[PDB]
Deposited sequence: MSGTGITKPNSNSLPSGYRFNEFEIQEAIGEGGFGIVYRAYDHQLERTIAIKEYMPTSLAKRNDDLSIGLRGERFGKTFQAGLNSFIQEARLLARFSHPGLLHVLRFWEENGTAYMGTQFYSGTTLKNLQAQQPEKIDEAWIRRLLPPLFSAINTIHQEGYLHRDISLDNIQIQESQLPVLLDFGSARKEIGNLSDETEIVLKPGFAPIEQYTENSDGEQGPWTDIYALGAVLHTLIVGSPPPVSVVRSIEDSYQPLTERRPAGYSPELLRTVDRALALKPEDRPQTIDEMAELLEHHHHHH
């Protein structure tokens, strides 16, 4: 691990535990001694580009990586600014931002629970139609809130939706720094998420772009894996509608809503979050 140790201090903040360590940043549970509250701290830390120094600052693994490291840092800042525009229970709440240690940090609300990806891996039996229908209203609300301010998410999958102990969802992360690094470094595999990204993200984007990815999330919850990669579908569409597969315990209404969100062409999908929510009515 390249993480800061329990007990490390950023003035009033104290690191408690590194709870997420990925290729592009680290997430810590931390404590604010001034306000006496637990928070999360997200640290930009692209492991392909940077390493942890002895004094716990971050340094370049090679001098050739500097421009890409800086571009990722700029995208990390821009993502924090985007999340700072909102005060919504389903969107990661940003408390503070600062630069230190040769990198950057976001202080955010600390959420209970774990990711949807972990819940699906660890407790798939909890995820049935009734649970999905309880998840959708607050998840629709969070996504629509982004859209109504004129933005798109563009990185939805199971990996970046937190499911709190209350079962309410939170969108944690838009992948901005990761995607910028991938574009600049020709590491195309870290930009789009295979099976979640629709055809128009491969090179015309709008709310329907996020709606497809949400359909892919729901498809994964229902049958256990995402639909075929959208570029492959654009050549020979091998997607079998869920209404035909008929997984046990799922209504045609929910299944058809997923199939419609997964329509190959943007114009054939629900065009807004409100339109997709309407498909689940009439039951």
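Q. Wait, which stretches of the deposited chain are just not there in the structure?
A. Going by the record, the segments left unmodelled (no C-alpha atoms) fall at 1-10, 214-218, 299-302.
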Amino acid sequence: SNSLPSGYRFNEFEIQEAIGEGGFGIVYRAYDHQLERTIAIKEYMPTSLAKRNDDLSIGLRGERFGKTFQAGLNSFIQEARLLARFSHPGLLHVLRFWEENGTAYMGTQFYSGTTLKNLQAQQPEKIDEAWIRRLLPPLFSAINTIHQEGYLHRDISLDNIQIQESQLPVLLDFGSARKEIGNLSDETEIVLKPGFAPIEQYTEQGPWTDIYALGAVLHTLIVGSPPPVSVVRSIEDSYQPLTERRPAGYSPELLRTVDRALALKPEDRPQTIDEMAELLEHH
From here on, numbers count along this sequence of modelled residues.
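Q. Out of 52-60 and 27-35, which one has CA B-factors that are higher on average in the deposited record?
A. In the deposited entry, the stretch with the higher C-alpha B-factor mean is 52-60.
Q | 107-115 versus 143-151 - greater average Cα B-factor per the deposited record | A | Between 143-151 and 107-115, it is 143-151.
Q. Looking at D210, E204, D173, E180, which has the highest Cα B-factor in the entry?
A. So the option with the highest C-alpha B-factor is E204.
Q: Quick one: which of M45, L218, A248, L254 shows the highest Cα temperature factor in the PDB entry?
A: Reading the PDB entry, the winner on C-alpha B-factor is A248.
Q: Just say lowest, middle or highest third for the CA B-factor of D274 relative to the other modelled residues in its chain.
A: According to the entry, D274 has a C-alpha B-factor in the chain's highest third.
(Q) Ranking every modelled residue in this chain by its Cα temperature factor as given in the entry, which third contains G72? (A) Its C-alpha B-factor belongs to the lowest third of this chain's values.
Q: Classify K265 as lowest, middle or highest third according to the C-alpha B-factor given in the PDB entry, relative to its own chain.
A: Highest third - that is where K265 ends up once the chain's C-alpha B-factors are sorted.
(Q) Splitting the chain's C-alpha B-factors into thirds, which one does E21 fall into? (A) Highest third - that is where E21 ends up once the chain's C-alpha B-factors are sorted.
Q) Within this chain, which third does the Cα B-factor at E14 fall in: lowest, middle or highest? A) Lowest third, going by the recorded CA B-factors of the chain.
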